[PDB]
Amino acid sequence: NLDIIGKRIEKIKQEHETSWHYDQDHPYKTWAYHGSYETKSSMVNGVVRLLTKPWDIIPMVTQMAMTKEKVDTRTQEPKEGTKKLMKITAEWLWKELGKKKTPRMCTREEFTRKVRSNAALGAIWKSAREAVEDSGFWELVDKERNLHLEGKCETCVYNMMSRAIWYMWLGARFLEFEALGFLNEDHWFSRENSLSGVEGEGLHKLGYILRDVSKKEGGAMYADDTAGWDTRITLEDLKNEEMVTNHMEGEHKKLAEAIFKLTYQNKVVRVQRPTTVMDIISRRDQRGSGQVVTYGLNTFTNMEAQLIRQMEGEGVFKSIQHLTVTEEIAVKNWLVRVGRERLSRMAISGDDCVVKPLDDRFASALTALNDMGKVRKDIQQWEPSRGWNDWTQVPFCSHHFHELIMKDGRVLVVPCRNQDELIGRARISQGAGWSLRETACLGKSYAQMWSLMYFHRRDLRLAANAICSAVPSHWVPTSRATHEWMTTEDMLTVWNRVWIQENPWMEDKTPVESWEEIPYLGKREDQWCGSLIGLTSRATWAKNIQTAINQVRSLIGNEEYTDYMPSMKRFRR
Ligand SMILES: CNS(=O)(=O)c1cccc(C)c1F
Ligand SMILES: [Cl-]
Ligand SMILES: [Zn+2]
Ligand SMILES: [Zn+2]
């Protein structure tokens with residue numbers, strides 16, 4: 001309690017000694033309130049919208065551009081038998097992830113380049129590029145760093161703003177990255193290294209990965225989402241995640257222990273309240289970390305929870321109230337004998353999972369999952385999970401996957417989602433102050449992603465070609481999974497590299513010579529997934545596409561353009 005968060009709290013009060021008021025009407029029950037002080041949207045991409053006119057009248061698209069009680073909740077302490085299961089599983093899982101990896105500190109150098117190459121670090125000097133080029137900031141970091149080496153914290157404070165992001169100042173983010181960045185930077189949750197993980201795999205790999213699991217003898221495929229995963233992270237989960245420090249040494253060990261002890265297991269947050277007074281609250285549970293460390297620790301704790309749910313379905317342990325000495329031996333023998341095989345039966349991305357268990361007893365194995373506080377979304381606490389019998393219907397990372405056979409018999413496994421969602425996201429730009437050129441380059445990034453991932457959707461291949469015809473040929477795609485669409489190289493060359501050359505599920509490496517040789521979903525399958533084909537508006541839009549292309553060209557001005565439309569059969573002369 002206050003010994004660990006006091007200094008942070010004291011520093012904030014003193015800097016607002018002319019507003020501090022211990023309001024006794026504070027809405028917090030689960031968050032400790034300490035005091036208060038006085039304080040005080042999504043834009044449309046016009047290039048994408050002008051080239052997607054039929055969607056101007058589709059509410060699912062247009063509503064996406066318009067525009068709690070979860071955070072203020074407490075998860076009960078797991079039973080003793082649950083706690084033992086979690087500790088034994090976490091210990092074994094860090095050892096497996098560590099067999100072929102070395103924990104190491106990340107560098108100012110690595111962090112500096114990251115800020116220059118742009119990446120969502122969630123930080124609060126105008127920008128962060130300037131601070132990185134200011135030795136005063138690094139002296140600030142140094143002070144905090146020596147504070148952390150002494151088991152104390154001064155400036156590592158969260159800011160609150162199914163989604164609530166916790167931003168810290170760049171300095172606090174550096175110290176987090178220094179200590180724990182290795183998890184992401186060195187690919188600890190890669191499929192090679194973790195067996196269940198998919199970190200760095202790419203959307204053109206996830207479908208093949210789900211298909212390989214399918215191959216494994218067993219029951220249905222289960223894909224239960226957790227209700228607000230970050231809010232259900234227990235202090236017991238935070239302490240099992242901290243055991244990664246047991247694989248560390250010297251300074252690094254001490255710096256990592258301090259991030260876990262001082263910023264994760266004992267948080268401090270500023271939240272704006274309109275009644276506007278900045279509220280200084282604290283708690284010892286729930287997920288609070290950078291988005292990227294959040295991803296790796298979410299993947300770890302999800303892998304642990306799913307391997308236990310698999311042990312419950314196999315009857316490795318009878319009761320979660322207490323674990324017999326014999327049951328502990330059985331759990332350990334299970335992990336040593338089949339742990340790796342059981343991790344290979346899952347695909348886990350943060351709080352998202354697909355499990356192909358040994359059989360369907362998994363569906364009603366719910367005691368350990370519920371008691372860890374990982375309560376399933378949109379189903380009764382004790383109702384058995386509904387599994388999937390077809391890998392092409394399993395939801396994962398907001399997608400499903402189709403098996404598509406090319407005219408030459410080679411097999412593509414392609415990512416897919418409702419096309420209204422794809423068009424509605426491409427029509428939105430984050431932040432404002434965008435020039436026409438910057439807006440066009442963001443439209444081109446979406447168009448190139450569509451050509452690479454969603455080429456099998458008739459409307460997206462046409463709109464992608466239209467956008468790439470409407471934006472100057474040499475303008476570079478921008479943005480504010482691996483992103484092979486972020487390039488000025490020809491998209492047919494990238495397609496061949498991604499789907500043929502570098503694709504380990506494709507034995508025959510014969511290049512594709514034109515877009516013609518790249519297939520679509522069946523017409524009915526296209527419609528089922530939101531294609532507008534068969535509609536008067538869509539056909540007029542395809543027939544008159546050169547007119548829409550010319551409207552956008554006229555707005556951008558006299559630039560060098562390419563006509564990509566003759567890459568499609570119909571638009572050839
Ligand atoms: C322009 N839309 S369309 O002419 O209706 C159409 C385009 C592509 C495929 C089909 C089956 C179709 F009906
Ligand atoms: Cl099914
Ligand atoms: Zn600190
Ligand atoms: Zn689909």
# chains A, B, ... in the order shown; residues from 1 in each chain; ligands from 1
call {"tool": "residues_near_ligand", "arguments": {"ligand": "ligand 3", "cutoff": "7 Å", "atoms": "only C-alpha atoms and all ligand atoms", "output": "tab-separated table (two decimals) with N, CA, C and O atoms, in the first residue's frame"}}
result
chain	number	residue	atom	x	y	z
A	144	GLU	N	14.90	8.21	-12.19
A	144	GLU	CA	13.84	7.19	-11.95
A	144	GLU	C	14.48	5.80	-11.88
A	144	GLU	O	14.13	5.04	-10.95
A	148	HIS	N	14.25	3.08	-9.05
A	148	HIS	CA	13.82	1.67	-9.22
A	148	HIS	C	14.86	0.69	-8.64
A	148	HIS	O	14.44	-0.27	-7.96
A	152	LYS	N	12.09	1.98	-5.17
A	152	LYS	CA	11.18	3.15	-5.04
A	152	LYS	C	10.81	3.67	-6.44
A	152	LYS	O	11.58	3.47	-7.39
A	153	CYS	N	9.72	4.43	-6.52
A	153	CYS	CA	9.12	4.93	-7.78
A	153	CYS	C	8.58	6.34	-7.56
A	153	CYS	O	7.95	6.56	-6.50
A	154	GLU	N	8.74	7.25	-8.53
A	154	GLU	CA	8.31	8.66	-8.37
A	154	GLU	C	7.36	9.16	-9.47
A	154	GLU	O	6.42	9.92	-9.14
A	155	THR	N	7.59	8.78	-10.73
A	155	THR	CA	6.92	9.39	-11.91
A	155	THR	C	6.23	8.34	-12.80
A	155	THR	O	5.75	8.73	-13.87
A	156	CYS	N	6.17	7.07	-12.38
A	156	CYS	CA	5.50	5.99	-13.17
A	156	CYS	C	4.00	5.93	-12.83
A	156	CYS	O	3.56	5.08	-12.03
A	172	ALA	N	8.68	6.59	-18.37
A	172	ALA	CA	8.13	5.37	-17.73
A	172	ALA	C	8.02	4.25	-18.77
A	172	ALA	O	8.30	3.09	-18.40
A	262	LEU	N	6.39	-2.31	-8.67
A	262	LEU	CA	6.08	-0.88	-8.42
A	262	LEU	C	5.04	-0.32	-9.39
A	262	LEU	O	4.35	0.65	-8.99
A	263	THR	N	4.97	-0.81	-10.63
A	263	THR	CA	4.04	-0.25	-11.65
A	263	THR	C	2.91	-1.25	-11.98
A	263	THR	O	1.90	-0.77	-12.38
call {"tool": "residues_around", "arguments": {"residues": "residue A:62", "least_positions_apart": "2", "cutoff": "12 Å", "atoms": "only C-alpha atoms", "output": "list in words"}}
result
residues 43, 44, 49, 52, 53, 54, 55, 56, 57, 58, 59, 60, 64, 65, 66, 67, 420, 421, 423, 424, 425, 426, 427 and 428 of chain A
call {"tool": "write_last_selection", "arguments": {"atoms": "N, CA and C atoms", "output": "short mmCIF file (atom, residue, chain, number, x, y, z; two decimals), in the first residue's frame"}}
result
data_model
loop_
_atom_site.label_atom_id
_atom_site.label_comp_id
_atom_site.auth_asym_id
_atom_site.auth_seq_id
_atom_site.Cartn_x
_atom_site.Cartn_y
_atom_site.Cartn_z
N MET A 43 -12.27 10.80 -37.97
CA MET A 43 -12.55 11.60 -39.20
C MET A 43 -12.68 10.67 -40.42
N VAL A 44 -13.41 11.06 -41.46
CA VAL A 44 -13.58 10.21 -42.68
C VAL A 44 -12.44 10.47 -43.68
N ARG A 49 -13.71 7.05 -49.35
CA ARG A 49 -15.18 7.18 -49.43
C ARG A 49 -15.59 7.52 -50.87
N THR A 52 -15.79 4.38 -52.92
CA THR A 52 -16.66 3.32 -52.40
C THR A 52 -18.10 3.87 -52.27
N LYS A 53 -18.61 4.50 -53.31
CA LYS A 53 -19.92 5.18 -53.28
C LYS A 53 -21.08 4.23 -52.90
N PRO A 54 -21.20 2.99 -53.40
CA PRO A 54 -22.36 2.15 -53.06
C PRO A 54 -22.53 2.00 -51.54
N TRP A 55 -21.45 2.15 -50.78
CA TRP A 55 -21.45 1.91 -49.32
C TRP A 55 -21.93 3.15 -48.58
N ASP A 56 -22.17 4.25 -49.30
CA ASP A 56 -22.69 5.49 -48.66
C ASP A 56 -24.09 5.27 -48.08
N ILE A 57 -24.79 4.20 -48.47
CA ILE A 57 -26.20 3.97 -48.05
C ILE A 57 -26.29 2.70 -47.20
N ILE A 58 -25.17 2.10 -46.80
CA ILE A 58 -25.11 0.88 -45.96
C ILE A 58 -24.85 1.32 -44.52
N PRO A 59 -25.88 1.28 -43.64
CA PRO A 59 -25.74 1.73 -42.25
C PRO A 59 -24.58 1.08 -41.48
N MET A 60 -24.28 -0.18 -41.73
CA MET A 60 -23.18 -0.86 -41.00
C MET A 60 -21.87 -0.12 -41.32
N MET A 64 -20.24 3.29 -38.50
CA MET A 64 -18.90 3.05 -37.91
C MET A 64 -18.14 4.37 -37.77
N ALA A 65 -18.39 5.39 -38.61
CA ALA A 65 -17.62 6.66 -38.55
C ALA A 65 -18.22 7.65 -37.54
N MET A 66 -19.38 7.39 -36.94
CA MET A 66 -20.03 8.35 -36.00
C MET A 66 -19.50 8.11 -34.58
N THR A 67 -19.67 9.09 -33.67
CA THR A 67 -19.58 8.89 -32.20
C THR A 67 -19.09 10.13 -31.47
N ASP A 420 -18.51 -5.23 -44.81
CA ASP A 420 -18.92 -3.92 -44.25
C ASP A 420 -17.86 -3.45 -43.24
N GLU A 421 -17.31 -4.36 -42.43
CA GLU A 421 -16.29 -4.02 -41.41
C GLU A 421 -15.02 -3.53 -42.13
N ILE A 423 -14.65 -2.20 -45.21
CA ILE A 423 -14.86 -0.90 -45.90
C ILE A 423 -15.05 0.21 -44.86
N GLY A 424 -15.79 -0.05 -43.79
CA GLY A 424 -16.04 0.95 -42.73
C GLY A 424 -14.74 1.37 -42.02
N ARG A 425 -13.80 0.47 -41.80
CA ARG A 425 -12.50 0.81 -41.15
C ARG A 425 -11.62 1.63 -42.12
N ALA A 426 -11.60 1.29 -43.41
CA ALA A 426 -10.74 1.99 -44.41
C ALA A 426 -11.24 3.43 -44.60
N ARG A 427 -12.50 3.71 -44.29
CA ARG A 427 -13.12 5.06 -44.46
C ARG A 427 -12.83 5.96 -43.26
N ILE A 428 -12.14 5.45 -42.26
CA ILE A 428 -11.81 6.23 -41.04
C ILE A 428 -10.31 6.53 -40.98
#
call {"tool": "atom_distance", "arguments": {"atom1": "atom 8 (C, counted along the ligand's line) of ligand 1", "atom2": "atom CA of residue A:531"}}
result
9.5 Å
call {"tool": "residues_near_ligand", "arguments": {"ligand": "ligand 2", "cutoff": "10 Å", "atoms": "only C-alpha atoms and all ligand atoms", "output": "MDAnalysis selection string"}}
result
chainID A and resid 220:221 386:394
call {"tool": "write_last_selection", "arguments": {"atoms": "N, CA, C and O atoms", "output": "tab-separated table (two decimals), in the first residue's frame"}}
result
chain	number	residue	atom	x	y	z
A	220	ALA	N	-14.07	-31.04	-30.92
A	220	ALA	CA	-14.42	-29.78	-31.59
A	220	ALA	C	-13.29	-28.77	-31.37
A	220	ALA	O	-12.43	-28.98	-30.49
A	221	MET	N	-13.32	-27.67	-32.11
A	221	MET	CA	-12.44	-26.50	-31.87
A	221	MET	C	-13.24	-25.52	-31.01
A	221	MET	O	-14.43	-25.26	-31.33
A	386	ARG	N	-19.95	-24.27	-26.64
A	386	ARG	CA	-20.34	-24.75	-28.00
A	386	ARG	C	-19.10	-24.71	-28.90
A	386	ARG	O	-18.60	-23.60	-29.17
A	387	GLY	N	-18.61	-25.88	-29.31
A	387	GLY	CA	-17.43	-26.00	-30.17
A	387	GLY	C	-17.78	-25.90	-31.65
A	387	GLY	O	-18.94	-25.87	-31.99
A	388	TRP	N	-16.76	-25.83	-32.49
A	388	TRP	CA	-16.92	-25.71	-33.95
A	388	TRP	C	-16.46	-27.03	-34.54
A	388	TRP	O	-15.40	-27.53	-34.10
A	389	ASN	N	-17.16	-27.54	-35.53
A	389	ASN	CA	-16.75	-28.80	-36.19
A	389	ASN	C	-15.95	-28.55	-37.44
A	389	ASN	O	-15.41	-29.54	-37.96
A	390	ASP	N	-15.96	-27.31	-37.96
A	390	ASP	CA	-15.27	-26.97	-39.24
A	390	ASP	C	-14.29	-25.80	-38.96
A	390	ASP	O	-14.75	-24.71	-38.53
A	391	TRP	N	-12.99	-26.01	-39.20
A	391	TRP	CA	-11.94	-25.00	-38.96
A	391	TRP	C	-12.22	-23.72	-39.77
A	391	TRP	O	-11.82	-22.65	-39.33
A	392	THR	N	-12.99	-23.78	-40.85
A	392	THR	CA	-13.30	-22.60	-41.72
A	392	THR	C	-14.41	-21.72	-41.14
A	392	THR	O	-14.70	-20.66	-41.72
A	393	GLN	N	-15.00	-22.12	-40.02
A	393	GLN	CA	-16.06	-21.36	-39.32
A	393	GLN	C	-15.58	-20.82	-37.97
A	393	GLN	O	-16.33	-20.06	-37.34
A	394	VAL	N	-14.39	-21.24	-37.52
A	394	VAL	CA	-13.82	-20.79	-36.22
A	394	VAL	C	-13.45	-19.31	-36.34
A	394	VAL	O	-12.79	-18.92	-37.28
call {"tool": "closest_residue", "arguments": {"among": "A:36, A:510, A:102, A:482", "to": "residue A:186", "atoms": "only C-alpha atoms"}}
result
A:102
call {"tool": "closest_residue", "arguments": {"among": "A:459, A:133, A:96, A:516", "to": "ligand 1", "atoms": "only C-alpha atoms and all ligand atoms"}}
result
A:459
call {"tool": "residues_around", "arguments": {"residues": "residue A:9", "least_positions_apart": "6", "cutoff": "8 Å", "atoms": "only C-alpha atoms", "output": "MDAnalysis selection string"}}
result
chainID A and resid 34 268 280
call {"tool": "residues_near_ligand", "arguments": {"ligand": "ligand 4", "cutoff": "12 Å", "atoms": "only C-alpha atoms and all ligand atoms", "output": "JSON, numbers by chain"}}
result
{"A": [207, 392, 393, 394, 395, 398, 399, 400, 401, 402, 403, 404, 413, 414, 415, 416, 417, 418, 419, 420, 421, 422, 453, 454, 455, 456, 457, 458, 520, 521, 522, 523, 524, 525, 526, 527, 528, 529, 530, 531]}
call {"tool": "write_last_selection", "arguments": {"atoms": "N, CA and C atoms", "output": "compact mmCIF listing (two decimals), in the first residue's frame"}}
result
# COMPACT_ATOMS: atom_id res chain seq x y z
N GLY A 207 -4.65 -18.67 -40.95
CA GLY A 207 -5.56 -19.68 -41.52
C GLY A 207 -4.88 -21.03 -41.66
N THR A 392 -12.99 -23.78 -40.85
CA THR A 392 -13.30 -22.60 -41.72
C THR A 392 -14.41 -21.72 -41.14
N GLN A 393 -15.00 -22.12 -40.02
CA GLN A 393 -16.06 -21.36 -39.32
C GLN A 393 -15.58 -20.82 -37.97
N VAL A 394 -14.39 -21.24 -37.52
CA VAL A 394 -13.82 -20.79 -36.22
C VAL A 394 -13.45 -19.31 -36.34
N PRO A 395 -13.91 -18.47 -35.40
CA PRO A 395 -13.46 -17.09 -35.32
C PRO A 395 -12.08 -17.02 -34.63
N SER A 398 -10.50 -11.65 -35.12
CA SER A 398 -11.56 -10.89 -35.82
C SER A 398 -11.78 -11.41 -37.25
N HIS A 399 -11.26 -12.60 -37.57
CA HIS A 399 -11.39 -13.21 -38.91
C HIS A 399 -11.98 -14.64 -38.87
N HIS A 400 -12.39 -15.13 -40.04
CA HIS A 400 -12.49 -16.57 -40.36
C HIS A 400 -11.66 -16.81 -41.61
N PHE A 401 -11.49 -18.06 -41.99
CA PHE A 401 -10.52 -18.46 -43.03
C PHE A 401 -11.21 -19.38 -44.03
N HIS A 402 -10.99 -19.11 -45.32
CA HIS A 402 -11.52 -19.92 -46.43
C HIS A 402 -10.37 -20.70 -47.05
N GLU A 403 -10.65 -21.93 -47.50
CA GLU A 403 -9.74 -22.73 -48.37
C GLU A 403 -10.12 -22.47 -49.83
N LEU A 404 -9.19 -21.92 -50.61
CA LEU A 404 -9.46 -21.46 -51.99
C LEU A 404 -8.47 -22.17 -52.91
N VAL A 413 -5.08 -20.60 -48.20
CA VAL A 413 -5.93 -20.43 -47.00
C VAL A 413 -5.91 -18.94 -46.67
N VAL A 414 -7.05 -18.29 -46.84
CA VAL A 414 -7.13 -16.81 -46.95
C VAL A 414 -7.95 -16.29 -45.78
N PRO A 415 -7.59 -15.11 -45.25
CA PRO A 415 -8.33 -14.47 -44.17
C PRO A 415 -9.54 -13.72 -44.70
N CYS A 416 -10.59 -13.60 -43.89
CA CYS A 416 -11.87 -13.01 -44.34
C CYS A 416 -12.60 -12.45 -43.13
N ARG A 417 -13.37 -11.38 -43.33
CA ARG A 417 -14.39 -10.93 -42.38
C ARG A 417 -15.49 -10.20 -43.13
N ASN A 418 -16.56 -9.89 -42.42
CA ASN A 418 -17.69 -9.17 -43.03
C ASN A 418 -17.14 -7.93 -43.77
N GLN A 419 -17.52 -7.77 -45.02
CA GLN A 419 -16.91 -6.76 -45.89
C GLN A 419 -17.35 -5.37 -45.45
N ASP A 420 -18.51 -5.23 -44.81
CA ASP A 420 -18.92 -3.92 -44.25
C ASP A 420 -17.86 -3.45 -43.24
N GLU A 421 -17.31 -4.36 -42.43
CA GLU A 421 -16.29 -4.02 -41.41
C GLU A 421 -15.02 -3.53 -42.13
N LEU A 422 -14.59 -4.21 -43.19
CA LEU A 422 -13.37 -3.84 -43.92
C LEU A 422 -13.52 -2.46 -44.56
N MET A 453 -4.37 -9.41 -48.78
CA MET A 453 -5.06 -10.27 -47.80
C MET A 453 -6.47 -10.63 -48.33
N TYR A 454 -7.16 -9.70 -49.01
CA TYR A 454 -8.61 -9.81 -49.32
C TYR A 454 -8.86 -9.79 -50.84
N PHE A 455 -7.88 -10.24 -51.65
CA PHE A 455 -7.92 -10.24 -53.13
C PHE A 455 -9.08 -11.10 -53.63
N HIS A 456 -9.50 -12.04 -52.78
CA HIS A 456 -10.54 -13.06 -53.09
C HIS A 456 -11.96 -12.47 -52.97
N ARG A 457 -12.09 -11.22 -52.51
CA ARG A 457 -13.38 -10.51 -52.38
C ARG A 457 -13.46 -9.61 -53.62
N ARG A 458 -14.44 -9.86 -54.50
CA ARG A 458 -14.65 -9.15 -55.78
C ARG A 458 -14.67 -7.65 -55.52
N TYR A 520 -11.01 -15.90 -56.80
CA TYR A 520 -11.99 -15.30 -55.87
C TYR A 520 -12.71 -16.43 -55.14
N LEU A 521 -13.36 -16.11 -54.02
CA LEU A 521 -14.37 -16.99 -53.37
C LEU A 521 -15.48 -17.26 -54.40
N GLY A 522 -16.24 -18.34 -54.21
CA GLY A 522 -17.48 -18.55 -54.99
C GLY A 522 -18.34 -17.30 -54.85
N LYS A 523 -19.18 -17.04 -55.85
CA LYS A 523 -20.00 -15.80 -55.87
C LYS A 523 -20.95 -15.77 -54.68
N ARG A 524 -21.51 -16.93 -54.34
CA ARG A 524 -22.48 -17.02 -53.22
C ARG A 524 -21.71 -16.81 -51.90
N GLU A 525 -20.53 -17.42 -51.77
CA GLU A 525 -19.66 -17.26 -50.57
C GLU A 525 -19.28 -15.78 -50.43
N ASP A 526 -19.04 -15.07 -51.54
CA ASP A 526 -18.71 -13.62 -51.55
C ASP A 526 -19.87 -12.83 -50.97
N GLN A 527 -21.09 -13.11 -51.45
CA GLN A 527 -22.34 -12.45 -50.97
C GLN A 527 -22.51 -12.73 -49.47
N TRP A 528 -22.42 -14.01 -49.07
CA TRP A 528 -22.58 -14.41 -47.64
C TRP A 528 -21.65 -13.56 -46.74
N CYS A 529 -20.49 -13.21 -47.26
CA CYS A 529 -19.50 -12.40 -46.50
C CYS A 529 -19.62 -10.90 -46.83
N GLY A 530 -20.80 -10.41 -47.23
CA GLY A 530 -21.06 -8.97 -47.47
C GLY A 530 -20.78 -8.39 -48.86
N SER A 531 -20.33 -9.18 -49.83
CA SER A 531 -20.16 -8.63 -51.21
C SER A 531 -21.48 -8.02 -51.68
call {"tool": "select_by_dssp", "arguments": {"residues": "stretch 421-479 of chain A", "states": "helix (DSSP H, G or I)", "output": "PyMOL selection string"}}
result
chain A and resi 421-426+436-453+458-470
call {"tool": "write_last_selection", "arguments": {"atoms": "N, CA and C atoms", "output": "mmCIF file, in the first residue's frame"}}
result
data_model
loop_
_atom_site.group_PDB
_atom_site.id
_atom_site.type_symbol
_atom_site.label_atom_id
_atom_site.label_comp_id
_atom_site.auth_asym_id
_atom_site.auth_seq_id
_atom_site.Cartn_x
_atom_site.Cartn_y
_atom_site.Cartn_z
ATOM 1 N N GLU A 421 -17.311 -4.361 -42.433
ATOM 2 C CA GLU A 421 -16.292 -4.019 -41.407
ATOM 3 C C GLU A 421 -15.019 -3.532 -42.129
ATOM 4 N N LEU A 422 -14.595 -4.209 -43.186
ATOM 5 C CA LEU A 422 -13.371 -3.840 -43.920
ATOM 6 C C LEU A 422 -13.524 -2.456 -44.564
ATOM 7 N N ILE A 423 -14.646 -2.204 -45.209
ATOM 8 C CA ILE A 423 -14.861 -0.904 -45.896
ATOM 9 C C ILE A 423 -15.047 0.209 -44.862
ATOM 10 N N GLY A 424 -15.788 -0.049 -43.790
ATOM 11 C CA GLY A 424 -16.036 0.947 -42.733
ATOM 12 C C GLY A 424 -14.741 1.374 -42.019
ATOM 13 N N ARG A 425 -13.802 0.466 -41.795
ATOM 14 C CA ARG A 425 -12.498 0.807 -41.155
ATOM 15 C C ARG A 425 -11.623 1.626 -42.124
ATOM 16 N N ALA A 426 -11.599 1.291 -43.412
ATOM 17 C CA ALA A 426 -10.744 1.985 -44.409
ATOM 18 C C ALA A 426 -11.237 3.431 -44.601
ATOM 19 N N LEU A 436 -4.115 16.467 -47.949
ATOM 20 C CA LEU A 436 -4.749 15.627 -48.995
ATOM 21 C C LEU A 436 -3.798 14.494 -49.366
ATOM 22 N N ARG A 437 -2.502 14.794 -49.421
ATOM 23 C CA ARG A 437 -1.479 13.794 -49.795
ATOM 24 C C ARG A 437 -1.402 12.676 -48.744
ATOM 25 N N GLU A 438 -1.405 13.041 -47.458
ATOM 26 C CA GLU A 438 -1.347 12.086 -46.316
ATOM 27 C C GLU A 438 -2.616 11.212 -46.314
ATOM 28 N N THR A 439 -3.784 11.823 -46.542
ATOM 29 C CA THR A 439 -5.095 11.098 -46.619
ATOM 30 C C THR A 439 -5.032 10.061 -47.759
ATOM 31 N N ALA A 440 -4.529 10.450 -48.941
ATOM 32 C CA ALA A 440 -4.407 9.573 -50.120
ATOM 33 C C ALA A 440 -3.472 8.407 -49.808
ATOM 34 N N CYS A 441 -2.353 8.653 -49.101
ATOM 35 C CA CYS A 441 -1.333 7.615 -48.797
ATOM 36 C C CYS A 441 -1.897 6.627 -47.776
ATOM 37 N N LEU A 442 -2.734 7.080 -46.857
ATOM 38 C CA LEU A 442 -3.474 6.148 -45.954
ATOM 39 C C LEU A 442 -4.509 5.333 -46.758
ATOM 40 N N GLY A 443 -5.233 5.944 -47.692
ATOM 41 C CA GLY A 443 -6.126 5.166 -48.563
ATOM 42 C C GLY A 443 -5.356 4.096 -49.319
ATOM 43 N N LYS A 444 -4.164 4.426 -49.812
ATOM 44 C CA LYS A 444 -3.307 3.481 -50.575
ATOM 45 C C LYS A 444 -2.832 2.329 -49.687
ATOM 46 N N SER A 445 -2.483 2.573 -48.421
ATOM 47 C CA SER A 445 -2.138 1.499 -47.453
ATOM 48 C C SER A 445 -3.303 0.509 -47.352
ATOM 49 N N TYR A 446 -4.528 0.983 -47.149
ATOM 50 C CA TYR A 446 -5.726 0.078 -47.107
ATOM 51 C C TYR A 446 -5.870 -0.701 -48.417
ATOM 52 N N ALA A 447 -5.763 0.001 -49.550
ATOM 53 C CA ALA A 447 -5.918 -0.626 -50.877
ATOM 54 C C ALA A 447 -4.887 -1.739 -51.024
ATOM 55 N N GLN A 448 -3.628 -1.483 -50.658
ATOM 56 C CA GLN A 448 -2.557 -2.517 -50.814
ATOM 57 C C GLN A 448 -2.824 -3.673 -49.818
ATOM 58 N N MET A 449 -3.318 -3.385 -48.618
ATOM 59 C CA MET A 449 -3.631 -4.490 -47.679
ATOM 60 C C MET A 449 -4.724 -5.341 -48.327
ATOM 61 N N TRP A 450 -5.711 -4.709 -48.956
ATOM 62 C CA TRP A 450 -6.837 -5.459 -49.557
ATOM 63 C C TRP A 450 -6.331 -6.370 -50.683
ATOM 64 N N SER A 451 -5.445 -5.859 -51.548
ATOM 65 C CA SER A 451 -4.853 -6.625 -52.675
ATOM 66 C C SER A 451 -4.089 -7.838 -52.136
ATOM 67 N N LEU A 452 -3.465 -7.709 -50.966
ATOM 68 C CA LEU A 452 -2.611 -8.790 -50.400
ATOM 69 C C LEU A 452 -3.405 -9.830 -49.592
ATOM 70 N N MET A 453 -4.370 -9.407 -48.785
ATOM 71 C CA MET A 453 -5.061 -10.271 -47.799
ATOM 72 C C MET A 453 -6.470 -10.629 -48.327
ATOM 73 N N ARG A 458 -14.440 -9.857 -54.498
ATOM 74 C CA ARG A 458 -14.650 -9.148 -55.779
ATOM 75 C C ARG A 458 -14.668 -7.653 -55.520
ATOM 76 N N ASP A 459 -15.411 -7.175 -54.527
ATOM 77 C CA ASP A 459 -15.567 -5.703 -54.364
ATOM 78 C C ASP A 459 -14.228 -5.084 -53.876
ATOM 79 N N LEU A 460 -13.434 -5.820 -53.100
ATOM 80 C CA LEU A 460 -12.218 -5.230 -52.477
ATOM 81 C C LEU A 460 -11.109 -5.204 -53.538
ATOM 82 N N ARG A 461 -11.038 -6.187 -54.439
ATOM 83 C CA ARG A 461 -10.002 -6.217 -55.494
ATOM 84 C C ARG A 461 -10.274 -5.054 -56.449
ATOM 85 N N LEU A 462 -11.540 -4.792 -56.747
ATOM 86 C CA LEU A 462 -11.926 -3.682 -57.652
ATOM 87 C C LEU A 462 -11.642 -2.345 -56.964
ATOM 88 N N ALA A 463 -12.025 -2.164 -55.712
ATOM 89 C CA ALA A 463 -11.872 -0.870 -55.006
ATOM 90 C C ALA A 463 -10.361 -0.601 -54.792
ATOM 91 N N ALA A 464 -9.591 -1.650 -54.511
ATOM 92 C CA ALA A 464 -8.133 -1.580 -54.274
ATOM 93 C C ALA A 464 -7.461 -1.077 -55.554
ATOM 94 N N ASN A 465 -7.809 -1.681 -56.683
ATOM 95 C CA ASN A 465 -7.314 -1.243 -58.017
ATOM 96 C C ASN A 465 -7.731 0.200 -58.291
ATOM 97 N N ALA A 466 -8.972 0.560 -58.003
ATOM 98 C CA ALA A 466 -9.452 1.946 -58.190
ATOM 99 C C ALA A 466 -8.606 2.900 -57.337
ATOM 100 N N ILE A 467 -8.406 2.621 -56.051
ATOM 101 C CA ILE A 467 -7.679 3.549 -55.137
ATOM 102 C C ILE A 467 -6.224 3.670 -55.622
ATOM 103 N N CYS A 468 -5.570 2.571 -56.004
ATOM 104 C CA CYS A 468 -4.169 2.586 -56.476
ATOM 105 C C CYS A 468 -4.065 3.292 -57.841
ATOM 106 N N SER A 469 -5.151 3.392 -58.605
ATOM 107 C CA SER A 469 -5.209 4.131 -59.890
ATOM 108 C C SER A 469 -5.441 5.614 -59.591
ATOM 109 N N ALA A 470 -6.085 5.944 -58.464
ATOM 110 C CA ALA A 470 -6.510 7.332 -58.137
ATOM 111 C C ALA A 470 -5.423 8.090 -57.368
#
